[PDB]
Amino acid sequence: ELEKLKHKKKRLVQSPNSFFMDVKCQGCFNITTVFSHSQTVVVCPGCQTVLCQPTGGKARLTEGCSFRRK
Amino acid sequence: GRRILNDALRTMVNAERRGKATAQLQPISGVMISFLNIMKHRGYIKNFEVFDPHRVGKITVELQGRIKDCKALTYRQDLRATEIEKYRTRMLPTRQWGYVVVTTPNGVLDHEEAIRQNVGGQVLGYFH
Amino acid sequence: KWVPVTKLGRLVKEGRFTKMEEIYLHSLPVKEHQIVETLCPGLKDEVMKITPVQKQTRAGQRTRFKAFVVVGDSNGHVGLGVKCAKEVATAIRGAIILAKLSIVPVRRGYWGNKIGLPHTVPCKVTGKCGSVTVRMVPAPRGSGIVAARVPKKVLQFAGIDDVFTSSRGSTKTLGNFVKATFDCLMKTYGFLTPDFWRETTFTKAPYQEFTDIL
Amino acid sequence: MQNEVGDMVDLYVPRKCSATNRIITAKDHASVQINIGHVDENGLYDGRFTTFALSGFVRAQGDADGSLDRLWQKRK
Amino acid sequence: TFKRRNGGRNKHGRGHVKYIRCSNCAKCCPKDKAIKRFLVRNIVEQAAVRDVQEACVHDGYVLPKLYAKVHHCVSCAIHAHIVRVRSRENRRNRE
Amino acid sequence: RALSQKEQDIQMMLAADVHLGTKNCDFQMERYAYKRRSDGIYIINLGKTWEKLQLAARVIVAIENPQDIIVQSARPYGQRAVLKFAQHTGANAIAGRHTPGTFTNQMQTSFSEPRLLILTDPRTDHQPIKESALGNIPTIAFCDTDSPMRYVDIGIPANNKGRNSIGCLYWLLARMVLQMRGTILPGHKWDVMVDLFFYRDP
Amino acid sequence: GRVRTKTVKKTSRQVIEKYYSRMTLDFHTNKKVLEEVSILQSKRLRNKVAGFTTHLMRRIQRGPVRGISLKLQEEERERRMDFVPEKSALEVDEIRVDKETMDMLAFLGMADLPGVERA
RNA sequence: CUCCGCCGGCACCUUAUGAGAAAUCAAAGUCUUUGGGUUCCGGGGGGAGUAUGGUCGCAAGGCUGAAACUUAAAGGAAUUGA
Ligand SMILES: [Mg+2]
Ligand SMILES: [Mg+2]
Ligand SMILES: [Mg+2]
Ligand SMILES: [Mg+2]
Ligand SMILES: [Mg+2]
Ligand SMILES: [Mg+2]
Ligand SMILES: [Mg+2]
Ligand SMILES: [Zn+2]
């Protein structure tokens, strides 16, 4: 079906395009829940690594930081 | 800038005039559903569905190809059981078919049921 | 004689068509006027206007005469023809033949009660030509035809007895007035009424029933 | 339609477009009537066909092809 | 009657466009309306190229071209045959 | 087992490059395009081409007198096709320029009253299409993915702009017409070869 | 100005059609032949019509031509127009396709089709 | 840089199933089958944006704004000619 291409509000039942994701850096393999369109520079409490970047759209993760939609 | 039951009925006239089989009315209300029930019970539309994603609502109507014009009388006049006759002469194509929809304390209903039940009200629209 | 040049003309000459309604049902283009003159025995014609038009040239102004001819049995068929020619008589003759070619059905209805023979237009109907718009509204029986001379003649040849007419625009332009009236009559059959709701049972078209003969 | 004494007083009940239910008037020369034949078995044709009518409105929109495609998909 | 759909000039979404002076008569004509031609022409025409090509000291000398961007008002462009009155139908052709 | 007739037609039309469309797609022809490649050209659903070919064939066969069918091609690649199609099915071919007034001018010497009309391409044969809308003539056309669909009833989606496609489509219409008429009996044996339909460049 | 008018040109073609065999490429003999088959009201008309037929034959003897329909060349352009090869050049054996073509063929269920393979 | 899609702009091209007196217009469409909401504004041509009163301005002038009288057309779009 072609609703996935339609605008966020113009679908038969409106739904968001964003997601929360479980993200993992390299130096501290804990898992942090972060939002695909962040708006903030976020650092994991343990390792103190900068974790994602605010953009105009979905946040830009940093080098080698795995994530899973969830 | 919105006063629904005009967008619904005019979307239906446009869709029916293009020969579409499905029409979609974005903002719904009980008034619109009650109107569409009169339409169906008199035979001018097929069945229709409410799609509630959450909000004001949404409905899809199945067009049977027999409706010619359905419009609203915005500035809903006050309409007593004696001047029904003159509105239907001003607004319907003949004495034989077509209905004027009136909202009355006994519900929303067509002018003929209004004559039988002897109640006036306020005019909402017409279809024929 | 005739020696027709169309399939319909051939089928009419062999006499396998009695009324015009089997040509109306199939929307067939009628290209020869004799097809009408057999299928409609008593068709009456009338000249309504002769109008001189002119074109300017270096030598002077060249005049031509345009004739308006309404034809119809007063039992539900009317046609309108307009023809421009260098001489009034040939303009009239061409207008008769065009008016016969244009014959259209007009459905009649009842104002309030379905007693007797149909007398009015079925429902409110309108027509436009140029700036002229003509409205025809059902009238009670015996109420006459409330219309100006031009639409009154057109409606009389149609066999409609009672009707309330209203008009707007430059009706003094008789061309557009008469064509608006004709256009109003021709679309009495194009309105979808609940007695037309019944599903259609199709019939073989005349080109297909008489396949072996042609 | 019907006189009140039972009689039928209209002449020539018109055809209706099989896609839009519009009336096909006497002077609508863009309408067509299609007879598609029924294949059954050995020979694969006898004089059995189903008929569909299309008015000038549909044919002029271009939607005659889609409408005919969808109306032929009815099983009997 | 309205001759053209663009009003005779190329202006959408603006309110004001700066004018330019006609190259022939100095008439003020807005930039989007003037007839603008970019002429890349040679220093001498081909009847007199070689009797300068043989008088070049250096081998491989290329004679420059003159480049000029010339604006005309409507009147001067029409009168100088840069643009011509066209028919009603061929007026719409922008090619 | 062997291959069914549908499979063999798919094979042949795929050999004749029928499946290969153009860069653009008319929206009314969008119900027939499967997908678009990085080249930009669409690929046509040959199963839907075959289904429309069946529908067209059943419409053609029901004509009791085949001389009431006019087949037509303005392009040079469709001459030899529409001639042989007319010669094995018994219809009336007119190849090349179409004389305006053939369907609406009764006093013309070139005047016909066709019950059906078949067109190689809605784009180049637009004059007979316009003249049809004045004479209640249904029309079958071979429509590429850029073909305007105004006034065409049955459209066979296909590349109509190639030398082998036009020939193979007309060959394959003719085959079904003969099968349903019964002149070709059940069993795929029909002896006229598809090479008859491609045109010959002198 | 020696443009031949409609009568001469029409009559020239229409006499070429009726007798191609009895005409030839010499003007004078063609004059005589044209005097033996048609009724013309002036010697000048005859000389003009024969002059237009003689080079019409020169170009006919050269190659093809417009509306005149010669029998000996309308059948010869039919005898070889119903022409067949030894076997049909459209063959289903090596018909190679590109990704989306087998993608559609898998859509139809004819995923396995003898003679189809990727580019 | 290339391809695809979604919002939002300035526009453009093709087409009536539309509208219009037409020129034209994808909004100038959804109008005698006439009713989504709201503000301004017209009522034959002149006299006349004049006279007068008020008001704003240094001034030039701005806003508001008649009457007597006069007149059978003035005017819009398109066509054929010259
Ligand atoms: Mg001017
Ligand atoms: Mg802006
Ligand atoms: Mg400005
Ligand atoms: Mg955009
Ligand atoms: Mg007034
Ligand atoms: Mg005034
Ligand atoms: Mg003027
Ligand atoms: Zn200048």
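Per the deposited record, the coordinates in this entry were obtained by cryo-EM to a resolution of 3.0 Å.

The name the PDB entry assigns to chain G is 40S ribosomal protein eS17, from the organism Triticum aestivum. Of the comments in the UniProt record for chain G, the one headed Sequence similarities (unreviewed entry) reads "Belongs to the eukaryotic ribosomal protein eS17 family."

Looking up chain F in the PDB entry gives the name 40S ribosomal protein uS2, with the organism given as Triticum aestivum. Among the UniProt annotations of chain F, the heading Sequence similarities (unreviewed entry) holds the following wording: "Belongs to the universal ribosomal protein uS2 family." Its UniProt record gives chain F the following Function (unreviewed entry) comment, quoted word for word: "Required for the assembly and/or stability of the 40S ribosomal subunit. Required for the processing of the 20S rRNA-precursor to mature 18S rRNA in a late step of the maturation of 40S ribosomal subunits."

**Brief notes about the overall build of chain F**
Tallying secondary structure elements over chain F gives five helices and seven strands in all. Overall, chain F shows an N-to-C arrangement of helices and strands of α-β-β-α-β-α-β-β-α-β-β-α. Against the compact-globule benchmark of 17 Å for 202 residues, chain F has a radius of gyration of 16 Å, which places it among compact chains. On the principal axes, the C-alpha backbone points of chain F span a range of 55 × 40 × 35 Å. Within the span of chain F, comprising 202 residues, buried residues form 63% of the whole. Contacts in chain F between residues far apart in sequence, at least 24 positions, make up 58% of those at least 6 positions apart. Carbon and sulfur atoms make up 51% of the accessible area of chain F, which amounts to about 7,700 Å² in all. With 24 positive and 19 negative side-chain charges, chain F shows a spacing of 3 Å between the two charge centroids.

**What about the protein's contact with RNA strand H?**
Around RNA strand H lies a shell of 40 residues, among which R17(B), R90(B), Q61(D), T1(E) and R92(E) are the nearest. Counting only atoms of RNA strand H within 4 Å of the protein, the fraction found in sugar and phosphate groups is 79%. In this structure, a phosphate oxygen belonging to RNA strand H sits 3.5 Å away from a main-chain N or O atom of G130(C). Between a phosphate oxygen of RNA strand H and a side-chain N or O atom of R92(E), the distance comes to 2.6 Å. When contributions to the surface near RNA strand H are tallied by element, the ones reaching two or more residues are α1 (7-17) and β4 (70-72) of chain B, β1 (45-56) and β5 (125-129) of chain C together with α1 (56-61) of chain D. Tallied by class, residues from the surface near RNA strand H come to nine nonpolar, 13 polar and 18 charged.

**Here we look at the interface of chain B and chain A**
On the side of chain A, five residues touch chain B, which itself brings five residues to the contact. Summing the contributions of chain B and of chain A, the shared interface buries around 420 Å²; its carbon and sulfur component is 55%. In terms of surface lost to chain A, no three residues of chain B exceed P53(B), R55(B) and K58(B), which account for 71% of the buried area on that side. At the surface where chain B touches chain A, the tally comes to zero salt bridges. Remark: the boundary between chain B and chain A carries three residue pairs in polar contact. Residue classes in the side of chain B that touches chain A are distributed as two nonpolar, one polar and two charged.

**Things to note about the sheet that holds strand β1 (residues 22-25) of chain B**
All names here are of chain B. Strand order in this open sheet of three strands is β1-β3-β2, and the pairing throughout is antiparallel. Two strands close off the open sheet at either side, each with one partner strand: β1 and β2 (48-50). Averaged over all pairs of adjacent strands, the angle between strand axes in this sheet comes to 15 degrees, irrespective of strand direction. Where α1 meets the sheet, it contacts β1 and β3 (59-62), and its direction lies at approximately 160 degrees from that of β1. Across the sheet, helix α2 (residues 30-42) touches β1, β2 and β3, and the angle it forms with β2 is around 165 degrees.

**Some thoughts on helix α5 (residues 149-158) of chain C**
Residue and element names in this part refer to chain C. Listed as buried for α5 are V150, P151, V154, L155, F157 and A158. Mapping the buried residues of α5 onto a view down its axis gives an arc of 160 degrees, with all of them on the same face. Just downstream of α5, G159 is the residue with a positive phi angle, here 80 degrees.

**Structural notes on the pattern of salt bridges**
If the charged atoms of two oppositely charged side chains come close together, the side chains can form a pair. The full count for this structure, using the stated rule, is 31 salt bridges over all chains. Here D195(C) and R107(C) are joined by a salt bridge, their closest N and O atoms 3.7 Å apart. On the criterion of sequence distance, the pair formed by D195(C) in the loop between α6 (174-186) and α7 (206-209) and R107(C) in the loop between β4 (104-105) and β5 is long-range, its members being 88 residues apart. The network of salt bridges with common partners includes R107(C), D195(C) and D10(D).

**A few points about the arrangement of the chains**
A gap remains between chain A and chain E, with no contact made and the closest C-alpha atoms lying 27 Å from each other. Where chain B comes nearest to chain G, the C-alpha atoms are still 28 Å apart, and the two do not contact one another.

**Comments concerning the state of the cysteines**
Applying the stated rule across the entire model yields zero disulfides over all chains. With no disulfide of its own, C168(F) lies closest to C143(F) among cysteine sulfurs, the gap being 15 Å.

**Here we look at the interface of chain D and chain C**
Across the boundary between the two partners, chain D contributes 26 residues, which contact 34 residues of chain C. At the boundary of chain D with chain C, total buried surface from both sides reaches about 2,600 Å², with 61% on carbon and sulfur atoms. Counting across the interface, chain D meets chain C through one salt bridge. The residue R107(C) makes a salt bridge to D10(D) at a minimum N-O spacing of 2.7 Å.

**Observations concerning a positive patch on the surface**
All names here are of chain E. On the surface, a cluster of positive charge is contributed by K3, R4, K27, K33, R88 and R91. Relative to the assigned elements, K33 resides in the loop between β2 (28-30) and β3 (35-42). Of the residues examined, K33 reaches a relative accessible area of 33% and is grouped as partly exposed.

**Some words on a nonpolar patch on the surface**
Side chains of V41(A), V43(A) and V50(A) sit close together on the surface and give an oily, nonpolar patch of about 250 Å² of accessible area. Mapped onto the elements, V41(A) comes out in the loop between β2 (32-35) and β3 (52-53).

**Quick notes on the nonpolar core**
Within the largest apolar cluster, 73 residues are counted, with the highest numbers of intra-cluster contacts made by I60(F), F85(F) and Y170(F). If one sorts the elements of this core by residue count, helix α5 (residues 163-181) of chain F sits on top with 12 residues. One finds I38(B), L25(C), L28(C) and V36(C) within the second-largest nonpolar core, a separate group that totals 61 residues.

**Brief notes about the packing of aromatic side chains**
What the rule picks out here adds up to 16 aromatic pairs over all chains. Ring geometry for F38(E) against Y67(E): centres 6.5 Å apart, planes inclined by 35 degrees, an arrangement best described as tilted. Of this pair, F38(E) sits in strand β3 while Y67(E) is found in strand β4 (residues 65-72), placing the two residues 29 residues apart along the sequence. Of the two residues, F38(E) and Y67(E), both sit in the exposed class. Where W171(F) meets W190(F), the ring centres are 4.8 Å apart and the plane angle is 25 degrees; that geometry is what we call stacked. Here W171(F), found in helix α5, pairs with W190(F), found in the segment after α5; they are 19 residues apart in sequence, far enough to count as distant. Classification of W171(F) by relative accessible area gives buried; the value is 11%.

**What about the packing of helix α2 (residues 27-35) of chain G against helix α3 (residues 43-62) of chain G?**
All names here are of chain G. Two elements in contact, α2 and α3, have axes separated by 9 Å at closest approach and are oriented at 120 degrees. In this view, α2 runs oblique relative to α3, as classed from their interaxial angle. As for how α2 packs across α3, the hand of that crossing is right-handed. The segment α2 lies against α3, with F27, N30, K31, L34 and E35 engaging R46, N47, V49, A50, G51, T53 and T54.

**Describing the environment of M13(F)**
Here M13(F) is to be found in helix α1 (residues 5-15). Separated by 11 residues in the primary sequence, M13(F) and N24(F) have C-alpha atoms spaced 21 Å apart.

**Examining the sheet that holds β1(C)**
All names here are of chain C. Strand order in the open sheet formed by four strands is β1-β2-β3-β4, and the pairing between neighbours is antiparallel. Every other strand in the sheet has two partners, leaving β1 and β4 as the edge strands with one partner each. Pairing of β1 with strand β2 (residues 61-71), which is carried by 11 bridges, proceeds in the antiparallel orientation. What sits directly across from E46, in β2, is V70. Relative to strand β3 (residues 77-85), helix α4 (residues 88-101) is tilted by about 145 degrees, and along the sheet it contacts β1, β2 and β3.

Conventions we followed
- Residues numbered from 1 in each chain as written, not as in the entry; some residues may be left out.
- Chains lettered and ligands numbered in written order.
- Part of a larger assembly, values for the part shown.
- Heavy atoms only, no water.
- UniProt positions renumbered as here; feature names shortened; annotations may be inferred.
- Helix = DSSP H or I, 4+ residues; strand = E, 2+ residues; numbered from the N terminus.
- Rg over C-alpha atoms; globule rule 2.2 N^0.38 Å.
- Buried < 20%, exposed > 50% of the residue type's maximum accessible area, 1.4 Å probe, protein only.
- Contact = heavy atoms within 4.5 Å.
- Areas by Shrake-Rupley, 256 points an atom, 1.4 Å probe, with all protein chains shown as cover.
- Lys, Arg positive; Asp, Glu negative; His and termini not counted.
- Charge placed at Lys NZ, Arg CZ, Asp CG, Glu CD.
- Near = heavy atom within 4 Å.
- Polar contact = N/O pair within 3.5 Å; in protein donor to acceptor, adjacent residues only side chain to side chain.
- Nonpolar A, V, L, I, M, F, W, Y, C, P; charged D, E, K, R; others polar.
- Buried area = accessible area lost by both parts, 1.4 Å probe.
- Salt bridge = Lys/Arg side-chain N within 4 Å of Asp/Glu carboxyl O.
- Pairing = 2+ DSSP bridges.
- Axes fitted to C-alpha atoms, helices over the stretch in contact; angles between N-to-C directions.
- Arc of directions from axis to C-beta.
- Disulfide = S-S within 2.5 Å.
- Patch = residues over 30% accessible without salt bridge, like charges linked within 9 Å, V, L, I, M, F, W, Y side chains within 5 Å.
- Core = buried A, V, L, I, M, F, W, Y, C linked by side-chain atoms within 4.5 Å.
- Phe/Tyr/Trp six-rings, centres within 6.5 Å; stacked < 30°, edge-to-face > 60°.
- Parallel < 35°, antiparallel > 145°, perpendicular 65-115°, else oblique.
- Left-handed = near helix turned anticlockwise from the far one by under 90°.

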